[PDB]
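Sequence order for the protein chains is A and B. Residue numbers 4 to 355, 362 to 480, in the deposited numbering, belong to the letters of the first sequence in order. Residue numbers 4 to 355, 362 to 479, in the deposited numbering, belong to the letters of the second sequence in order. No residue lacks a Cβ here, since even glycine has one placed at the ideal position from N, Cα and C.
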Amino acid sequence: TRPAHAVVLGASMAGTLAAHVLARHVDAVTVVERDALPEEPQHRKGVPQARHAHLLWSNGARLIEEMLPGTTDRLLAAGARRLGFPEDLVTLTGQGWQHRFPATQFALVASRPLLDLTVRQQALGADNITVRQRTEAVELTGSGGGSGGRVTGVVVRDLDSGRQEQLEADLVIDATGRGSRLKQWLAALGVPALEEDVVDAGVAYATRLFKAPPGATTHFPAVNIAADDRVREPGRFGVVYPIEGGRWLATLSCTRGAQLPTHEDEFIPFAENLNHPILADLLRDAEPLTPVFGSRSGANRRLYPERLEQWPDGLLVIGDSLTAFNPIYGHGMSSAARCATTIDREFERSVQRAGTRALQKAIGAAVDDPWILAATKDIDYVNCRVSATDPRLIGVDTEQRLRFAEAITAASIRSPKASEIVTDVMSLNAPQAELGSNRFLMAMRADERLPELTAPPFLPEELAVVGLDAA
Amino acid sequence: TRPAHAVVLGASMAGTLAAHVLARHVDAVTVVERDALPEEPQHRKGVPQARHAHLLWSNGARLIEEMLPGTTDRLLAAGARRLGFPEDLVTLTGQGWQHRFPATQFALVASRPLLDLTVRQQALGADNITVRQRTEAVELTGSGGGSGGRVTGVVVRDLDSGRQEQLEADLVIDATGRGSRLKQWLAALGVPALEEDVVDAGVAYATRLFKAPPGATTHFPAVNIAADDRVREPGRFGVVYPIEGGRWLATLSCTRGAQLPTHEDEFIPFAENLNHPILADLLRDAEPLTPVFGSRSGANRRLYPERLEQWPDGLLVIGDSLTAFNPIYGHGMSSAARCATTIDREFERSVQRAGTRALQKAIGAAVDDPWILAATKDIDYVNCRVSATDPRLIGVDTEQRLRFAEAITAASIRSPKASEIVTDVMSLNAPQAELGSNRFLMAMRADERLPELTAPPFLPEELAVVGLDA
Ligand SMILES: Cc1cc2nc3c(=O)[nH]c(=O)nc-3n(C[C@H](O)[C@H](O)[C@H](O)COP(=O)(O)OP(=O)(O)OC[C@H]3O[C@@H](n4cnc5c(N)ncnc54)[C@H](O)[C@@H]3O)c2cc1C
Ligand SMILES: Cc1cc2nc3c(=O)[nH]c(=O)nc-3n(C[C@H](O)[C@H](O)[C@H](O)COP(=O)(O)OP(=O)(O)OC[C@H]3O[C@@H](n4cnc5c(N)ncnc54)[C@H](O)[C@@H]3O)c2cc1C
Ligand SMILES: CC(=O)OC/C=C(\C)CC/C=C(\C)CCC=C(C)C
Ligand SMILES: [Cl-]
């Protein structure tokens with residue numbers, strides 16, 4: 004018999020997309036969210052990462068567009084911007100400035116609260132979706148361990164009354180994010196511990212919101228400075244992204260060993276000590292609208308429920324709860340869209362439980378691309394904490410992995426054919442392994458390499474919008 | 004290490020597509036084929052089924068088009084026809100005539116030798132593909148048994164010289180077809196026996212090519228008769244497809260228990276004893292160009308190498324050899340395209362040996378749709394021989410499967426919304442399980458049902474091109 008009631012824990016991007024998908028296949032869906040969901044673009048404590056710069060890469064943007072047609076146009080009408088890569092960005096890599104080749108990929112950029120609200124407005128309006136705001140999931144009900152175990156429902160607590168209730172379900176979806184209590188819920192059902200890979204470069208983030216020079220959010224590119232050209236030293240990075248309302252979102256980041264700004268008067272000096280001070284020059288006369296927001300959620304971690312024999316029937320885990328990545332590569336929301344898309348494409352085949366386990370295996374395969382990309386890039390940072398069994402990571406020459414990464418970067422910034430393939434991998438539209446293919450290696454040697462840029466490739470009319478001259 | 008030499012055993016559609024794919028990722032590929040590959044459309048002993056009706060459904064057509072751009076345009080320029088479903092077909096089901104709704108899917112139809120050569124011409128021209136024509140693979144080399152072995156190469160015979168030769172390889176692809184010798188090659192390295200699911204309704208086929216009335220191949224629909232409305236006696240079917248050169252391809256079919264025309268003067272009598280005699284009335288004044296070609300390759304069979312722990316490294320199996328289906332549903336070439344597309348999509352991720366089995370598991374998952382579709386439809390035929398472990402087949406009440414198949418068919422022929430989803434499953438673009446989805450059940454209840462057609466839905470101008478009335 005088919006499932007008739009599904010419960011989705013968490014109403015952020017992973018839970019909202021899964022709720023919309025499951026409503027097409029299940030008679031009734033209940034969404035359990037700890038926060039009150041605002042009706043206007045507004046931050047909330049359940050998604051504290053929304054304070055920092057967010058790119059929706061073309062992989063997630065297309066997956067969301069095919070699930071919810073019109074979403075992209077609604078975002079743009081609300082002030083979001085479609086950044087073309089590498090065309091609409093002034094980017095400094097460890098190998099030099101990126102030539103602004105005609106765009107081969109894109110990313111939608113906006114405030115994360117606007118993007119969350121726009122998606123919620125297009126997904127949660129179905130008649131068979133019930134949203135229980137200000138309701139907290141406390142534990143799962145059912146049985147675990149041995150064989151034959153299965154999750155029957157979830158205990159929820161109403162936060163305005165304090166009363167608890169048993170919410171029975173044929174299917175429970177954990178989408179509660181990086182701070183998820185899944186390991187406690189599992190152990191309370193007698194389920195053994197899950198396998199977990201971790202690659203933790205100790206990345207932290209400091210963000211301020213600025214009023215951009217008038218017109219810059221439309222006629223000035225995004226700027227990204229990534230300083231990693233030495234490997235015995237921690238990485239230090241910085242981005243300035245345009246968002247709706249004529250505002251600049253500036254996010255500074257560093258790996259373990261470096262020092263982030265903890266006060267407002269340390270923000271611009273950090274940008275002045277990157278490999279090029281262009282982010283400081285842009286933000287020197289810009290009006291700050293916020294204090295400095297911080298984040299320490301920069302580890303790469305992946306659970307493998309698809310490997311656990313004692314995985315209970317009727318339970319799935321998606322989003323940051325299943326796996327989370329270093330935000331610098333900006334794949335979290337695309338991974339959430341992949342989880343919902345995989346449920347949509349595999350649900351009917353997986354029912355008629363071999364279905365719950367088949368869905369979880371399909372979900373695990375869909376999140377491999379953002380995992381192996383972020384972990385490959387972070388594993389070689391100095392003082393990185395590594396605890397993973399992935400043979401693509403652990404059994405690899407460390408000199409050769411670094412040298413090859415440098416060669417990939419050197420080709421992408423100055424070779425059109427190499428840049429196109431790299432943006433495919435960067436946009437999560439091609440696996441990381443494609444950079445080791447015969448196709449990429451032949452493109453890397455055969456393609457032309459343009460001369461090295463000795464200054465940031467701003468067009469003069471872009472410098473005129475922000476009131477600068479000669480880089 | 005990244006494979007530097009791959010060998011594909013067998014040409015035809017599975018081998019040709021896989022060879023084109025592997026050439027993108029491996030330095031050199033060898034294609035070893037028993038027959039001489041002709042440079043113009045001609046049948047051959049290695050693919051004797053090419054004499055029978057062949058539809059390239061949109062699933063395989065799109066996968067081939069994305070692999071080999073321009074192939075669809077060359078086929079149409081060479082005389083192939085893009086039949087829209089259900090618009091361009093007059094089809095009689097066990098529930099009645101199919102309303103010719105605007106096309107929601109399509110299939111390319113032409114002679115199989117023409118389609119084969121067109122794909123060969125656009126796939127095997129790469130500089131790093133070497134074709135060993137008139138060369139036969141006899142056995143595999145390597146190790147097997149115990150811990151799980153590994154494949155080193157293949158022994159080949161040159162047929163114009165008579166010489167044997169050892170061809171080592173980092174990766175061997177079996178694309179030999181339904182009569183493939185893989186299970187003996189396995190035992191020859193001591194690899195345990197593979198799991199196999201079989202649903203064999205004993206389907207046989209008789210085909211005669213006719214010269215169609217001038218213009219019929221372009222302005223007249225294909226006709227498909229499925230005489231299937233009783234479950235206690237064998238099914239008998241018949242189709243007439245247009246192909247290039249102004250010719251009609253007529254393929255007659257039956258399941259175990261019935262008798263096909265095995266003599267030429269019984270061919271049209273078989274067509275007049277279908278549930279409607281329209282295919283006989285079409286073929287009585289038609290000029291016969293061939294004798295009747297026969298085939299008894301109508302069983303559904305699936306190997307499960309993805310389940311065998313001791314599967315040797317460096318070996319993959321694709322096409323009809325891995326799994327074959329009842330031709331009546333026409334998914335074999337689309338399944339061959341799926342295996343090649345899956346190899347292309349997963350190859351780089353699978354290397355960087363865990364790769365060969367990762368590729369084989371991905372290939373096995375891609376061939377599930379045509380297997381469960383053909384097996385679900387064939388399992389309940391009278392005197393059908395079943396040897397399978399698939400719980401989607403074994404643990405099903407047969408009344409519930411029979412009743413639902415009738416409701417799916419009755420909805421598809423007279424409800425537009427239901428027809429759209431059914432053609433998606435029929436064209437192999439949606440899994441069979443979609444017909445049990447809440448989405449499909451809601452479409453069946455909510456959508457209108459048009460009145461029953463009491464006559465074949467020919468337009469008056471279509472009857473006039475073939476010279477009939479009513
Ligand atoms: C600094 C930073 C920058 C990032 N930048 C990007 C970027 O540029 N691009 C990108 O794609 N991704 C980015 N990410 C990742 C992205 O924010 C997440 O991947 C995305 O939010 C998906 O997470 P999720 O929906 O699974 O969980 P979350 O977004 O964390 O949401 C979890 C939800 O569950 C709720 N919840 C928690 N516990 C309970 C409970 N017990 N009961 C009920 N509800 C509960 C919470 O209130 C919340 O609504 C970034 C992350 C960080 C930290
Ligand atoms: C009557 C009938 C009708 C069909 N109709 C359709 C249809 O409408 N649509 C559709 O999509 N499919 C149809 N099929 C299925 C389709 O023919 C096959 O699925 C398709 O050809 C894929 O098979 P293959 O390439 O894997 O193997 P095959 O096409 O059988 O090719 C195997 C090749 O390997 C070669 N070979 C074999 N052994 C050796 C050896 N030892 N050494 C060297 N070379 C060797 C052979 O010479 C041959 O060239 C039909 C099949 C039949 C029987
Ligand atoms: C040197 C290196 O890291 O190579 C990869 C660099 C990339 C992929 C560009 C850097 C991207 C960012 C800093 C994103 C902005 C920050 C957040 C979304 C939190
Ligand atoms: Cl955060």
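> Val-202 (chain B): which of B:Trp-251, B:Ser-114, B:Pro-89 and B:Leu-382 sits nearest, CA to CA?
Replying inline: Ranking the options by Cα distance to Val-202 (chain B), first place goes to B:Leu-382.
>> Quick check on this structure: which residue in B:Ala-64, B:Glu-247, B:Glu-69 and B:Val-24 has the alpha carbon closest to the alpha carbon of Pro-216 (chain B)?
In response: The option with the nearest alpha carbon to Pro-216 (chain B) is B:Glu-247.
> Could you give the residue range of the alpha helix (DSSP H) that holds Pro-400 (chain B)?
Replying inline: From DSSP, the alpha helix (DSSP H) with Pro-400 (chain B) extends over 400-403.
>> Considering only heavy atoms of ligand 4 and the C-beta of each residue, which residues fall inside 5 Å, strictly closer?
In response: Neighbourhood of ligand 4, defined by CB distance below 5 Å to any of its heavy atoms: A:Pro-51, A:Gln-52, A:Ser-298 and A:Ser-300, in chain order.
> By the 10 Å Cβ neighbour count, where 16 or more other Cβ atoms means buried, how is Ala-7 (chain B) classified, buried or exposed?
Replying inline: Around the CB of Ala-7 (chain B), fewer than 16 other CB atoms lie within 10 Å, so the residue is classed as exposed.
>> Could you tell me the alpha carbon to alpha carbon distance between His-102 (chain A) and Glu-429 (chain A), rounded to whole angstroms?
In response: Between the C-alpha atoms of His-102 (chain A) and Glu-429 (chain A) there is a straight-line separation of about 12 Å.
>> Using 8 Å as the cut-off, can you tell me whether the region 162-176 of chain A makes contact with the region 242-258 of chain A, which would need three or more C-beta pairs spanning the two stretches below that distance?
In response: Touching, no, given that fewer than three Cβ pairs across the two stretches are closer than 8 Å.
> Is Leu-59 (chain A) near ligand 1, judged by its Cβ being under 7 Å from some heavy atom?
Replying inline: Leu-59 (chain A): yes, Cβ under 7 Å from ligand 1.
>> According to DSSP, is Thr-418 (chain A) part of a helix, a strand, or is it coil?
In response: When secondary structure is reduced to three states using DSSP, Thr-418 (chain A) falls in the helix class.
> By DSSP, does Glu-69 (chain B) sit in helix, in strand, or in coil?
Replying inline: Under the three-state reduction of DSSP output, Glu-69 (chain B) falls in the helix class.
>> Which runs of the alpha helix (DSSP H) at least 4 residues long sit entirely within the region 207-286 of chain B? Give them in chain order.
In response: Residue ranges of uninterrupted alpha helix (DSSP H) with 4 or more members, entirely inside the region 207-286 of chain B and ordered along the chain, are 219-222, 270-275 and 281-286.
> What residues in its chain sit with their C-beta under 7 Å from that of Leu-411 (chain A), if we drop five residues either side in the sequence?
Replying inline: Excluding residues within five positions, the ones whose Cβ falls inside 7 Å are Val-234 and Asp-389.
>> Could you give the first and the last residue of the continuous alpha helix (DSSP H) run that contains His-23 (chain B)?
In response: For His-23 (chain B), the uninterrupted alpha helix (DSSP H) run begins and ends at 15-28, by DSSP.
>> Less than 8 Å between the beta carbons of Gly-241 (chain A) and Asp-231 (chain A), yes or no?
In response: Contact flag unset, no.
> Of all the options A:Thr-365, A:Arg-401 and A:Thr-258, which has the alpha carbon lying nearest to the alpha carbon of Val-391 (chain A)?
Replying inline: Nearest C-alpha to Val-391 (chain A): A:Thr-258.
> Touch check for the region 371-381 of chain A and the region 438-451 of chain A: three-plus C-beta pairs under 8 Å?
Replying inline: Short answer: they touch.
> Cβ of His-28 (chain A) versus every heavy atom of ligand 1: is any distance shorter than 7 Å?
Replying inline: No; taking the cut-off as 7 Å, the Cβ of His-28 (chain A) has no heavy atom of ligand 1 nearer than that.
> Beta-carbon of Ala-442 (chain B) versus every beta-carbon of chain A: anything under 8 Å?
Replying inline: The beta carbon of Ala-442 (chain B) sits closer than 8 Å to some beta carbon of chain A.
> What does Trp-100 (chain B) pair with, by DSSP beta-bridge criteria?
Replying inline: In the DSSP output, where bridge partners are listed per residue, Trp-100 (chain B) has B:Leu-95.
> In terms of alpha-carbon separation, which member of A:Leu-462, A:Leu-306, A:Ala-106 and A:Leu-319 lies closest to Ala-327 (chain A)?
Replying inline: The shortest C-alpha separation from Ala-327 (chain A) is found at A:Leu-306.
>> So if I threshold CB-CB distances at 7 Å, which residues from the region 339-352 of chain A count as touching chain B?
In response: Answer in chain order: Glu-351 and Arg-352.
> If you draw a straight line from the alpha carbon of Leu-12 (chain B) to that of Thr-398 (chain A), how long is it in whole angstroms?
Replying inline: Taking the straight line joining both Cα atoms gives about 36 Å.
> Going by alpha carbons, who is nearest to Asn-62 (chain A) out of A:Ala-80, A:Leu-282, A:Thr-107 and A:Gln-52?
Replying inline: For the set A:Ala-80, A:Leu-282, A:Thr-107 and A:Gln-52, the Cα lying nearest the Cα of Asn-62 (chain A) is the one of A:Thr-107.
>> Looking at the secondary structure, which residues open and close the beta strand (DSSP E) in which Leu-59 (chain B) lies?
In response: The continuous beta strand (DSSP E) containing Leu-59 (chain B) extends over residues 58-60.
> Whose C-beta lies closer than 7 Å to the C-beta of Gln-169 (chain A) among residues of the same chain, with five residues either side of it excluded?
Replying inline: Counting only Cβ-Cβ distances below 7 Å, and skipping sequence neighbours, we find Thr-144, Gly-156 and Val-158.
>> According to DSSP, is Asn-447 (chain A) part of a helix, a strand, or is it coil?
In response: Note: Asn-447 (chain A) maps to helix in three-state DSSP.
> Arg-401 (chain B) versus chain A: which residues are under 8 Å apart at the beta carbon?
Replying inline: Residues of chain A passing the Cβ test: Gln-355.
>> ligand 3 and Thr-96 (chain A): does the residue's C-beta get closer than 7 Å to at least one heavy atom of that ligand?
In response: With a cutoff of 7 Å, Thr-96 (chain A) counts as near ligand 3, since its C-beta is closer than that to a heavy atom of the ligand.
>> Is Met-451 (chain B) a contact residue of ligand 3, with contact defined as CB to any heavy atom under 7 Å?
In response: No, the beta carbon of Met-451 (chain B) sits no closer than 7 Å to any heavy atom of ligand 3.
> Can you name the start and end residues of the alpha helix (DSSP H) that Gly-373 (chain B) belongs to?
Replying inline: Per DSSP, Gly-373 (chain B) is one residue of the alpha helix (DSSP H) stretching across 363-375.
> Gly-445 (chain B) versus chain A: which residues are under 9 Å apart at the beta carbon?
Replying inline: Ordered by position in chain A, the residues that pass the 9 Å Cβ test against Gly-445 (chain B) are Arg-5, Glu-351, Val-354 and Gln-355.
>> In the DSSP assignment, the alpha helix (DSSP H) including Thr-107 (chain A) goes from what residue to what residue?
In response: No alpha helix (DSSP H) contains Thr-107 (chain A), which DSSP labels as neither H nor E.
> Quick one, are the C-beta atoms of residue 358 (chain A) and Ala-229 (chain A) less than 8 Å apart?
Replying inline: For residue 358 (chain A), nothing is modelled; it lies in the interval where chain A passes from 355 to 362 with no residues in between.
> At a Cβ cut of 8 Å, what residues of the region 28-48 of chain A count as close to chain B, listed as they run along the chain?
Replying inline: Correct list: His-28, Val-29 and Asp-30.
> Looking at C-alpha atoms only, which residue of B:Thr-133, B:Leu-462 and B:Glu-461 is the closest neighbour of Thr-19 (chain B)?
Replying inline: Relative to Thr-19 (chain B), the option among B:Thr-133, B:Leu-462 and B:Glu-461 whose CA is nearest is B:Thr-133.
> Is any beta-carbon of chain B found at less than 8 Å from that of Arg-448 (chain A)?
Replying inline: By this cut-off, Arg-448 (chain A) is an interface position.
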